[PDB]
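Structure, as structure tokens:
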Amino acid sequence: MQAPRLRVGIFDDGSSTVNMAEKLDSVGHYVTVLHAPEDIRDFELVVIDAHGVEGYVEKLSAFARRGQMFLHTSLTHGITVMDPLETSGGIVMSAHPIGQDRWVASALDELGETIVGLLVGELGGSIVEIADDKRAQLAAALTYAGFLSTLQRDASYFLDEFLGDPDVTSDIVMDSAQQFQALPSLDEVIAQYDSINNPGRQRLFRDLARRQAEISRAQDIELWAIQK
Amino acid sequence: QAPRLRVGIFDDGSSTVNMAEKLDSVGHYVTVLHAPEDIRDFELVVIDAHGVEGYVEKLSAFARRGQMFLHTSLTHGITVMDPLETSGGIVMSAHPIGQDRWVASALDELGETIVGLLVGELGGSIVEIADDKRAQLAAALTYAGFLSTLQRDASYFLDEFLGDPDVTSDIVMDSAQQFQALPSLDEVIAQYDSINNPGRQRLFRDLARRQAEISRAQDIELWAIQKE
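If you're matching them up, the sequences are chains B and A in order. The numbering of the first sequence is the authors' numbering, which starts it at 1 and goes up by one. The numbering of the second sequence is the authors' numbering, which starts it at 2 and goes up by one.
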């Protein structure tokens, strides 16, 4: 069994990096980038590939027909944002890729759920079950993980001021991320903090020390970190 | 292979160098010592601890002609060992900074040759670092070390949603390897507000601030500073 190739009307805003128009086109669907809400009329599937889903749903409401499919790619919006489109006769869905071909998806009914699972499967993905209520914090967790890149680059530039050997510096930094080490003594943490010439790095060194101190229950270092 | 040595080592748990294990692994006769006077039989005395000056004071009285003394502290310069040199000792220092690179020092050609031979049998190579740069180099290594704190904390946070350590690990590693621009200020605020662990929430703001300092996203930087 194979689902049909759909006439897809997509609203791309510039806010999303999901690239759903591209994804759906690559598997054989007929994708048109829509600019006016009234243009949805002749399309089987209407895609809202934008962060401001609520705003699009408000505009699309007046033109939504019975049996039309609606899909949003926002990570943070639950399926209730699409309610006006279901009540107006639509088959509402959502699908957002979170990495490693893992996706979060929603629907209001059995038909929507089956269709969104099939569309995700065609895009090489598998659905991870998450309560819509926890979506806002899933976005936070992905961003939090993403700060590893900020710290790794910043730490590499800092360490390379001493070594002047970018490849060795990167290897030391990589090893530092994968190998656990306990906090040194408070006096050592203070001496190290005092020696940092870059105010931004010095400030983050203190904040990172506080986090490790919180996690490891190193109270003296935590109390020091917060009396800034 | 050069002559093996009778090595007496002071280790009070302050150092993570594990110099006793390292020297024992290449065939030296290593004994961990408990009293300053016990250095009598030994050819090389290792101060594998951060309180170097305290050990130097205690050992000064017992040091004999031709005995070797080595400390493993990255922050101390070679002059901390002057009292032992004055007693007829051959003084040196060696500290591993990662990737088999070592920071070493001595006062004379004999000590220089010996510390280079010791570092070499431990599979190491020496990187030159001026005494005045040692404290800040220590800070840079600890700063890179905080990648472990963040990676572990970010993996725990994300695995609350995924429940699959391998998938969580792959998303986290991709997040660290690939740079993504900071979201809009409203999104950063929305994400921050969603973090229920107070320590994670604090560090999220601080990492957002550091990235904003680097990318010059002043609205996010001003926001972050206003949240203490």
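Heads up, the beta-carbon is just placed ideally off N, CA and C, and yes, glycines get one too.
Contact under 8 Å by Cβ, residue i with residue j
i        : j        : result
B/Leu163 : B/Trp224 : no
B/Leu108 : B/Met82  : yes
B/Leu159 : A/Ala145 : yes
B/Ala141 : B/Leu75  : no
B/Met20  : B/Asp49  : yes
A/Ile190 : B/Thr150 : no
A/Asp154 : A/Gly125 : no
A/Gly67  : A/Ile91  : yes
A/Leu148 : B/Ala3   : no
Own chain partners of residue i with C-beta closer than 8 Å, once the 5 adjacent residues on each side are dropped
i        : result
B/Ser156 : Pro166, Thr169, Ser170 and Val173
Within chain A, partners of residue i - CB distance below 8 Å
i        : result
B/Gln181 : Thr17, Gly146 and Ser149
B/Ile130 : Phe162
8 Å Cβ cutoff, residue i in contact with chain A
i                      : result
B/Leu75                : no
residue 230 of chain B : Outside the shown range of chain B, which is 1 to 228, sits residue 230 of chain B, and nothing can be said about it.
B/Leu159               : yes
B/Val81                : no
B/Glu188               : yes
Interface residues of chain A facing residue i [CB-CB closer than 9 Å]
i        : result
B/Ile172 : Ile98, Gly99, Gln100, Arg102, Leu142 and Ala145
B/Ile215 : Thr150, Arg153, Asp154 and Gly200
B/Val120 : By Cβ distance, chain A contributes nothing, its closest Cβ being about 16 Å from B/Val120, past 9 Å.
Chain-order list of residues whose beta-carbon lies under 6 Å from that of residue i (same chain, five-residue window excluded)
i        : result
A/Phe205 : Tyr193 and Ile196
B/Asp25  : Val31
A/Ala218 : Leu183
A/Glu113 : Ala107
Interface flag, residue i vs chain B, CB-CB below 8 Å
i        : result
A/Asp13  : no
A/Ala139 : yes
A/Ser195 : yes
A/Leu6   : no
A/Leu208 : yes
A/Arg41  : no
A/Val168 : yes
Residues that residue i contacts on chain B, provided the C-beta gap is smaller than 8 Å
i                    : result
A/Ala225             : Here the premise fails: no neighbours, minimum Cβ distance about 10 Å.
A/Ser176             : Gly99, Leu142, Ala145, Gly146, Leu148 and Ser149
A/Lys134             : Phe162
residue 1 of chain A : Because chain A here runs from 2 to 229, residue 1 of chain A falls outside it and cannot be looked at.
Contact list for residue i against chain A, beta-carbon separation under 7 Å
i                      : result
residue 239 of chain B : Shown here, chain B extends from 1 to 228; a query on residue 239 of chain B therefore has no answer.
Contacts that residue i makes with chain B (C-beta to C-beta distance below 9 Å)
i        : result
A/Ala191 : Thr76, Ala136, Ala139 and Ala140
Residue i: CB within 7 Å of a non-hydrogen atom of the ligand FMN
i        : result
B/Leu142 : With respect to small molecules bound, the structure shown includes none, and the ligand FMN cannot be examined in it.
Close beta carbons around residue i, own chain, < 7 Å, minus the five adjacent residues each side
i        : result
B/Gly52  : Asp13 and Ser15
B/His96  : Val18, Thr73, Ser74, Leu75, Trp103 and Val104
A/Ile221 : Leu183, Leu186, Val189, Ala209 and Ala213
A/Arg201 : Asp154 and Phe158
Are three or more beta carbon pairs between the segment 111-121 of chain A and the segment 126-139 of chain B nearer than 8 Å?
no
Could you tell me whether the segment 200-216 of chain B touches the segment 8-16 of chain A, using the rule of 3 or more Cβ pairs below 8 Å?
no
With contact counted as at least three CB pairs below 8 Å, one residue from each stretch, are the segment 51-68 of chain A and the segment 32-40 of chain A in contact?
yes
Whether or not the segment 50-61 of chain B and the segment 25-32 of chain B are in contact is what I'm after, with contact meaning three or more pairs of Cβ atoms, one per stretch, closer than 8 Å; do they touch?
no
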